[PDB]
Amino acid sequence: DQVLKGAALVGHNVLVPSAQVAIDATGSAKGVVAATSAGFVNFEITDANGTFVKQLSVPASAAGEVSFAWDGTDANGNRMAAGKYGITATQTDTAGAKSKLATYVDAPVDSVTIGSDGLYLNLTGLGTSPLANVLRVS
């Protein structure tokens, strides 16, 4: 099946549901979230223990997709260590109503592996992901 030819993903970038994002030493982690109303969404980055790292805010013209991007630095301008960081997204509509939105992280498909348990994508920085958890190639 092309459930095999999904090897064409190798070399490209994908969007997968992830509660965390990753950065190397050069920096930058991007992704998107689906806003259900107009307003703004605040993306909070925490560390291993759960310590505050940085916070981003993005306006939302109206319901729809909304992108985010972390430069890999803390609120104090400091470049954080390469590794995986937790990310939480909270929406606030025009009215003040709050809600948690699912985060989708963008990552490069370094390679694909086909083992006994099906086909898996080896996402750079993030790790492993079953071909299926993919939201789309963007």
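Residue positions are given as counts along the sequence shown, with the first one as 1.
Per the PDB record, of the two stretches 32-40 and 71-79, 71-79 carries the greater mean B-factor over its C-alpha atoms. Between 88-96 and 22-30, it is 22-30 that carries the larger average Cα temperature factor according to the deposited entry. In this PDB entry, the Cα temperature factor of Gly118 sits in the top third of its chain's modelled residues, the highest group. Sorting the modelled residues of the chain by their CA temperature factor places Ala63 in the middle third. In this PDB entry, the Cα temperature factor of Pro17 sits in the bottom third of its chain's modelled residues, the lowest group. The entry lists a Cα temperature factor for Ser57 that places it in the lowest third of the chain's modelled residues. Looking at the C-alpha B-factors along this chain, the one for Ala48 belongs to the highest third.
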